[PDB]
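Reviewing the structure listed below.
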Amino acid sequence: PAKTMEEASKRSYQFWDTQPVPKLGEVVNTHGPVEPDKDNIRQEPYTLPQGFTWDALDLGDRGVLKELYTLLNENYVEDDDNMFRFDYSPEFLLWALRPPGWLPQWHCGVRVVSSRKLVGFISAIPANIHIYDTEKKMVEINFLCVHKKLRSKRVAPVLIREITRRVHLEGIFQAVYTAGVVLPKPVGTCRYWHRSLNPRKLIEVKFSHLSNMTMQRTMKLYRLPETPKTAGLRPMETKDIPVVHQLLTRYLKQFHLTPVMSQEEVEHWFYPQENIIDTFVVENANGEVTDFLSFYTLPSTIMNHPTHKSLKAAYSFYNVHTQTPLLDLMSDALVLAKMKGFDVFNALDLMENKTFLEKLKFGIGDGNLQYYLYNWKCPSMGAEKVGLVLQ
Amino acid sequence: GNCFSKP
Ligand SMILES: CCCCCCCCCCCCCC(=O)SCCNC(=O)CCNC(=O)[C@H](O)C(C)(C)COP(=O)(O)OP(=O)(O)OC[C@H]1O[C@@H](n2cnc3c(N)ncnc32)[C@H](O)[C@@H]1OP(=O)(O)O
Ligand SMILES: [Cl-]
């Protein structure tokens, strides 16, 4: 699993070389599909290894959602040091996996035949994507996960081909996805940055290390005000849905890879849900909503001490500014996250985030987040032109 | 987003 493009340049991709994606070496100057839309689709599911079977997961079934939560909590993405693992909650998963237009067949599980134990998963959700000068109906692929005991058995290519088949059956032939590894071929590369909010706990769990400053000097450095500074800041409410939709749509036009959300999708992704998604709007002295900030909740199991309290992290989502300076908006995001008990605030260097990351004392993380398109060949772009945030 | 980073 290559983490850098220099490592990835030296190897071959037995599976990805078969797929409609550009080659790693390619410099792309065209815009469009790699292969034509298929007018006949394989009706039979792809063959799994002996003793495993497909199962679409009904997440409205509490027991099935618990199985998925358990698979991901024990087998999903870990940091490069293998010390923390994402701890997606069942309520979070419902938010991420049942947006408007979700389909049950796109919650694609793999189970042991004899015991029915869940050992693999991959998901698709529909999304309208603007990529340069084209708007296309696509799916977002997420939560690809194979049980640790089943790894390195080429189950992941089967999962990918099967979700591809099931998306094709619905008349969709492009996809977007992100990964921490380098594959053919990233459309953009972003880097995660982190902002300490509770430096004491971060040092204790070895998320960060006391850089030479004292513990006292470190806490003073990362101290934040107790209340936000921006006039009119308040939680998003139902009446704000149309103006949030309007603010987001114009703001995203300046980037080259963005979602195109309906008003119902805006409600789903931004309406606040405790311990899932927070959105705050700025309502000025005229009563006009002019800006908003948002971040979602994703804690992480502390792997070496898995008994203890998990690391509570906020992730920057979409932040739109038309009257409040973005620097001030994000400073209030930090203060609000601190108030709500988050230990760290994470953001990527996409969109306009580089304008505030250093100033607000974010530190650069290890490892990249690669963005990919399936069956769409287009030039790559810098991080500041990526305007798409997945969960 | 599906990459776990830290400083
Ligand atoms: C039109 C609609 C199309 C829809 C589909 C669009 C495409 C969707 C693409 C998927 C978007 C996912 C978005 C997310 O969810 S990104 C999150 C991915 N999940 C994790 O990292 C969780 C922890 N890891 C695991 O559970 C396993 O290690 C996984 C399942 C990742 C691989 O299992 P395993 O370690 O046992 O490997 P294998 O022996 O089965 O097979 C190895 C083959 O798989 C290639 N590989 C490794 N990692 C990834 C990866 N992250 N994306 C795409 N391919 C990956 C690898 O290069 C090799 O191919 P090649 O090198 O031979 O060529
Ligand atoms: Cl390119």
Side-chain angles (χ1 to χ4, degrees), chain A residues 3 72 76-88 96 140-145 177-181 190-196 202 205-209 211 296 298 300-301 303 311 313 315-317 344 346-348 350 362-371 388-391, chain B:
Chain A
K3 294 299 210 79
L72 301 177
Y76 198 53
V77 177
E78 304 169 353
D79 68 291
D80 65 325
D81 287 14
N82 304 100
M83 304 175 57
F84 315 98
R85 191 161 51 245
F86 287 148
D87 183 28
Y88 287 95
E140 305 170 354
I141 302 299
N142 201 2
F143 299 111
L144 167 61
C145 182
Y177 50 103
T178 67
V181 297
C190 303
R191 181 91 73 103
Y192 264 118
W193 290 63
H194 318 280
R195 212 291 185 181
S196 303
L202 297 184
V205 308
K206 281 77 73 176
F207 175 89
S208 56
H209 58 260
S211 192
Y296 58 91
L298 185 56
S300 280
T301 297
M303 291 182 53
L311 194 50
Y315 286 83
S316 181
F317 202 29
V344 69
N346 298 314
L348 294 158
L350 41 53
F362 287 72
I364 193 167
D366 284 44
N368 300 125
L369 186 60
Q370 319 288 345
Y371 279 69
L388 177 67
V389 179
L390 308 184
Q391 299 78 26
Chain B
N2 53 242
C3 138
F4 194 139
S5 173
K6 25 158 253 321

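All chains are named by letter (A, B, ...) in the order of the sequence lines, taking the proteins before the strands, and each is independently numbered beginning at 1. For the numbers below, each heavy atom of this structure counts, side chains included, while hydrogens, waters and symmetry mates do not.
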Heavy-atom cut-off 4.5 Å, strictly under: side chain, backbone, both or neither for A:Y76 against chain B?
side chain

Compute whether any side-chain donor of one residue and acceptor of the other, for A:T178 and B:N2, lie under 3.5 angstrom apart.
yes

Do A:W193 and B:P7 come close enough that some side-chain heavy atom pair is under 4.5 Å?
no

To the nearest 0.5 Å, atom SG of B:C3 lies from atom CG of A:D80 at 8.5 Å

Atom group of A:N142 that falls short of 4.5 Å from chain B, counting heavy atoms
side chain

Which atom names give the shortest non-hydrogen contact between B:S5 and A:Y192, and what distance separates them?
CB-CB, 3.6 Å

Could B:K6 and A:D366 be called an ion pair, given the rule that one side-chain N must be under 4.0 Å from one carboxylate O?
no

Under 4.5 Å from a heavy atom of chain B, the part of A:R191 involved
neither

Specify the closest pair of heavy atoms between B:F4 and A:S300, including all atoms of both residues, with the distance to one decimal.
CE1-OG, 2.8 Å

Under a 4.5 Å heavy-atom cut-off, does chain B meet the side chain of A:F143, its backbone, both or neither?
neither

